[PDB]
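Colleague:
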Amino acid sequence: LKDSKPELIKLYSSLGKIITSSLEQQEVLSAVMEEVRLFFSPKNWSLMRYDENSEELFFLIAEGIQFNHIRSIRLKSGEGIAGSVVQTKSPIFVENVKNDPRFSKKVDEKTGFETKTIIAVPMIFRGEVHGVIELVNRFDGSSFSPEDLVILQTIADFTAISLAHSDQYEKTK
Amino acid sequence: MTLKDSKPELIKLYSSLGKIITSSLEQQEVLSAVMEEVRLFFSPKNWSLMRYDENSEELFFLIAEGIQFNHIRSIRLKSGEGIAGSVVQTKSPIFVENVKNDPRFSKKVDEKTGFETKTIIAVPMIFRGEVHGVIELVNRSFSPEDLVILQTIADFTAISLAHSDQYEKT
Ligand SMILES: Nc1ncnc2c1ncn2[C@@H]1O[C@@H]2COP(=O)(O)O[C@H]2[C@H]1O
Ligand SMILES: Nc1ncnc2c1ncn2[C@@H]1O[C@@H]2COP(=O)(O)O[C@H]2[C@H]1O
Numbered sequence: 003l004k005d006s007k008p009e010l011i012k013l014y015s016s017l018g019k020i021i022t023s024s025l026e027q028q029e030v031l032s033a034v035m036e037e038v039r040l041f042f043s044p045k046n047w048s049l050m051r052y053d054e055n056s057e058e059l060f061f062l063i064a065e066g067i068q069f070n071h072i073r074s075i076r077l078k079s080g081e082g083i084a085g086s087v088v089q090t091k092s093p094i095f096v097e098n099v100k101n102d103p104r105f106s107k108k109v110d111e112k113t114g115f116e117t118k119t120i121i122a123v124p125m126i127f128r129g130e131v132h133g134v135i136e137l138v139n140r141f142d143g144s145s146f147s148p149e150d151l152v153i154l155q156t157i158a159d160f161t162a163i164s165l166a167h168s169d170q171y172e173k174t175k
Numbered sequence: 001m002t003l004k005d006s007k008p009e010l011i012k013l014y015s016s017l018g019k020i021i022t023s024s025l026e027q028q029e030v031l032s033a034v035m036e037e038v039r040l041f042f043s044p045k046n047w048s049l050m051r052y053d054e055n056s057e058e059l060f061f062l063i064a065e066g067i068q069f070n071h072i073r074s075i076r077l078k079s080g081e082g083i084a085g086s087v088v089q090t091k092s093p094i095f096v097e098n099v100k101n102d103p104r105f106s107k108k109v110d111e112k113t114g115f116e117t118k119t120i121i122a123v124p125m126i127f128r129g130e131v132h133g134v135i136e137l138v139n140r145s146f147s148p149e150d151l152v153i154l155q156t157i158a159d160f161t162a163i164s165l166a167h168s169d170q171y172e173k174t
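Sequences listed follow chains A and D, in order.
Each residue of the first sequence is one higher than the last, beginning at 3 in the entry's author numbering.
Under the entry's author numbering, the letters of the second sequence match residues 1 to 140, 145 to 174, in that order.
#1: What does residue 124 of chain A reach in chain D if we use C-beta pairs closer than 9 Å?
#2: Can you give me the start and stop residues for the beta strand (DSSP E) that residue 126 of chain D sits inside?
#3: Give a yes or no on whether the minimum CB-CB distance between residue 44 of chain A and chain D is below 8 Å.
#4: Tell me the rounded alpha-carbon separation between residue 56 of chain A and residue 77 of chain A.
#5: So residue 171 of chain D contacts chain A; which residues on that side make the cut at Cβ distance below 9 Å?
#6: Cα-Cα, which of D/12, D/23, D/14, D/149 is closest to residue 166 of chain A?
#7: Using only the alpha-carbon positions, how far apart do residue 47 of chain A and residue 136 of chain A sit?
#8: Please classify residue 49 of chain D: is it buried, with 16 or more other beta-carbons within 10 angstroms of its beta-carbon, or exposed?
#9: Per DSSP, what kind of secondary structure is residue 69 of chain A in: helix, strand or coil?
#10: Does DSSP put residue 95 of chain A in a helix, in a strand, or in coil?
#11: Closer than 8 Å by C-beta to residue 146 of chain D: which residues in its own chain qualify, once you throw out the five before and the five after it? Chain order, please.
#12: Measure the C-alpha to C-alpha separation of residue 7 of chain A and residue 39 of chain A and round it to an integer number of angstroms.
#13: Would you kindly work out how many angstroms separate the C-alpha atoms of residue 17 of chain D and residue 31 of chain A, rounded to a whole number?
#14: Should residue 15 of chain D be flagged as near chain A, meaning a C-beta pair shorter than 8 Å?
#15: Nearest-angstrom Cα distance between residue 58 of chain A and residue 79 of chain A?
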């Protein structure tokens, strides 16, 4: 079936195994891509890292848009759905970004993509926010399940662990 | 959203094992995290974690509960030696209901400890497709769910120990 419990627990217990398998940031980022693709195959999704010093978010991963167009983007805290996730430390689901004042058009203006829906989750490790993962125009009010949310939160949890350790390993070297 | 089934809780449970075990880069904390999870899920009076040294192709003990560590500190198992050594070679779990009827069994440790081994469940610690060690539950049936939990502990412990080694080189 793959809906049977034995298959579900195999799948759920595989989470994190690719993501946590390297200390080097590039390999972590590739691994995150692999697990996100496996569970969601999103045409548009991203991972934004939070810089504690500048209090800004920047892109590390941005699938379905041109990385060159968004390399220079920095979001201030509270800016965008992604910025609000950092502040609230909680997920945000938005069925239509026009109807949300928190939304930031900045990136759509650079890319010419039109954002309609966002699920955004915080990456938290030991109480610190390391960033945000967004799935863009992937889900709407009907298709977004509690299981989807938990799977995505779990990916974000393991990614936080791996990125924290990658940073700490870089320092000592 | 309103909940229709227990999937969210299943995901949180199965993925908690790896979040706990991988959270530290210091070996002692990793080992303590492993002990915590193994004790919680299985409460074994006798169990162990043996690390595989790629260079010497030997297994040695990092954890050995229910026997005196001072008796087994020097033990080294060659590849293929013991149930544990066979797991390394086959890269698969081995269940043995009675070690007297298994030619793979190694008496070497019982001889040092004076403990009598009767049953073993042994699981490989897999990292990037290779075996980095073995976890044994000794003298105490084993459901498919138990197996998955143990295998998950094993795999994440390989991941976490590899990183702890790489980090501690500094
Ligand atoms: N992979 C992506 N493809 C297209 N647009 C994206 C992607 N990731 C982020 N965005 C957009 O970037 C915006 C950043 O601020 P918001 O989170 O408020 O809304 C976000 C989306 O509109
Ligand atoms: N925690 C333990 N308590 C007692 N004996 C153990 C423990 N862990 C491993 N052993 C023994 O160590 C032996 C190593 O070789 P085997 O795997 O064939 O069989 C193993 C057991 O007999």
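Idealized CB from N, CA, C, for every residue including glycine.
Modeller: To lay it out plainly:
#1: Those do not exist, as residue 124 of chain A stays about 15 Å from chain D at its closest Cβ, beyond 9 Å.
#2: 120-127 is the span of the beta strand (DSSP E), which, as asked, contains residue 126 of chain D.
#3: Judged by the 8 Å Cβ criterion, residue 44 of chain A is not in contact with chain D.
#4: Rounded to the nearest angstrom, the two C-alpha atoms are 10 Å apart.
#5: For residue 171 of chain D, the chain A residues whose Cβ falls inside 9 Å of its Cβ are 25, 167, 170, 171, 174, in order along the chain.
#6: For the residues D/12, D/23, D/14, D/149, the minimum Cα distance to residue 166 of chain A belongs to D/23.
#7: Between the alpha carbons of residue 47 of chain A and residue 136 of chain A lies a distance of about 5 Å.
#8: Buried, by the Cβ-count rule.
#9: Assigned with DSSP and collapsed to three states, residue 69 of chain A falls in helix.
#10: Strand.
#11: Taken in chain order, the residues that qualify are 95, 121.
#12: Each residue's Cα considered, the two are about 22 Å apart.
#13: Approximately 22 Å between the Cα atoms of the pair.
#14: Yes, its Cβ sits closer than 8 Å to a Cβ of chain A.
#15: If you draw a straight line from the Cα of residue 58 of chain A to the Cα of residue 79 of chain A, it is about 6 Å long.
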